[PDB]
Every structure is written in C-alpha cells, then in structure tokens.
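>>> 3D, please:
(one chain, ligands or ions: 1)
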Amino acid sequence: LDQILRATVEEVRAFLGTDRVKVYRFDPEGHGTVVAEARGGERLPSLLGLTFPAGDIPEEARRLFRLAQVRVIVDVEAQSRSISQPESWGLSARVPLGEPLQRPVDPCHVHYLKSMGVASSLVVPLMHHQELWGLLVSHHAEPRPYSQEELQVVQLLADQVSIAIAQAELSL
Ligand SMILES: *[C@@H](C)[C@H]1/C(=C/c2[nH]c(/C=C3N=C(/C=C4/NC(=O)C(CC)=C4C)C(C)=C\3CCC(=O)O)c(CCC(=O)O)c2C)NC(=O)[C@@H]1C
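Numbering: from 1, shown residues only. See the structure here:
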C-alpha cells in the first residue's frame, strides 16, 4: 500500500506536469499522513511523513467529496471568496453542484496556499463505495485552468486508485 501509492504519484505528476502532486490518506480518528509525493525540480519542499491535524478539515466540505466528488480552488489572485452563514450545511450536499463554473474557498485556506507559493490547486478524492479514504491534490504555482476531459480521466485514475487501496487492503 505504501509502496504502490508512491509509484502512483510519480506517473500522475508526469501526466499533469504539475509542480507537486501528493496522495493523502484518511484515518478513522480524522488524522491523515502524506504517503506519496513528487516534486517538480525540488521547487516545493517534501512534506512526506508529516501529519496534518484533523481540525484542518471541517466536515461539511469533506462530505461533498464523498457525495459529489467535485472540488477545485481558483486563482488566489482572482480573489474568489467563500463564507459561512448563521446556519450550517450537511446533508444539503445531496444537491448536484448547482453553482457557477467556479468554486470559491474561504480566505483561511486561500492564503495558506499563498504561504505555500501556490495559486491554484485541483482537488480529487479517493473513495470506495460510500466511503472516503483519502484526498488527492495537485499544486500549480501559476494560473492553469483544468479541461473537462483531463479532469475526468484523472477523476477516474483517482477512482482507479481509490479502488487499489481497497483491493490492496484485503491483503493486510
Ligand atoms: C482554513 C484552513 C479554515 C477552513 C476552511 C477551508 N478549508 C477547506 C478544506 C481544505 N483544506 C485543504 C488543505 C490541505 N492542503 C494540504 O497540504 C493538505 C494535507 C495533505 C490538505 C488536505 C484543502 C486543499 C481543502 C480541500 C479538501 C477537503 O476536503 O477539505 C475548505 C473546504 C472547501 C470549500 O470551499 O468547501 C475551506 C473553505 N477550515 C477550517 O476549519 C479553517 C478555519
């Protein structure tokens, strides 16, 4: 599982030629670890083996990956902003998209990317059946919109990967 996933990130980056792409796995307690990472000329630092507090991932957003498998972050420069409301959303995700061709992310996560030298990142999750196992993410330091065609093939690759983690799991 740890070996396969490492190989998966190597070919993936090559296909997108993105500066950095890493695979992230979700643990039952909310914590996750970086088990796969590729660097575009050591441009970005290696976060391999580092743990990211679960508190970093709320809940409403995580459900959307499990329910709709669709989320991307736009040009931090375009200044697209997201905000919460007196009320909280949950199962409401049962709705398919229903938003402009773009998705805004609150300013908190936005600068975090800026602080990381990232301006636009594509997000694709890894899931099996009704369960979400991890989160894939590509980092683009400069504006780079995604194509509807390439997006699926990858979404499929992720799905193909999500399937691998499932099939490999039985082994252990
Ligand atoms: C800011 C951190 C506040 C917040 C808002 C917020 N952030 C997200 C969700 C994400 N955070 C990501 C983090 C990264 N980058 C990594 O390197 C890494 C560890 C390997 C991850 C997973 C990130 C790109 C996401 C999306 C993935 C996910 O499913 O969470 C969101 C959701 C997006 C949306 O607009 O719905 C927002 C708005 N969360 C807080 O509690 C902070 C106060």
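
>>> any idea how far residue 103 is from the residue nearest to residue 102 when sequence neighbours are not counted?
Leaving aside its chain neighbours, residue 102 sits nearest to residue 74 (5.4 Å; criterion: Cβ to Cβ, 6 or more residues apart in numbering). Just so you know, the C-beta spots here come from the backbone N, C-alpha and C atoms, and that holds for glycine as well. Counting by Cβ to Cβ, to the nearest Å, the gap from residue 74 to residue 103 is 7 Å.

>>> and residue 138, by the same measure?
Relative to residue 103, and taking Cβ to Cβ, residue 138 is found at 15 Å.

>>> quick one, which of these two is more surrounded?
residue 138 (22 against 16; other Cβ atoms under 10 Å).

>>> in a strand, that one, correct?
Yes: per DSSP: H, G, I helix; E, B strand; the rest coil, residue 138 lies within a strand segment.

>>> just to check, it is in contact with residue 15?
No: applying Cβ atoms under 8 Å, one finds residue 138 not in contact with residue 15, separated by 10.2 Å.

>>> residue of this structure closest to the ligand, please.
Nearest residue of the chain to the ligand: residue 108, at 2.8 Å (Cβ to the nearest ligand atom).

>>> count the residues that sit near that residue.
8.

>>> now it, what are its backbone angles?
phi -60, psi -60 (degrees, to the nearest 10).

>>> pretty sure residue 64 contacts residue 93?
Yes: shown here, residue 64 and residue 93 form a contact pair, counting by Cβ under 8 Å, at 5.0 Å.
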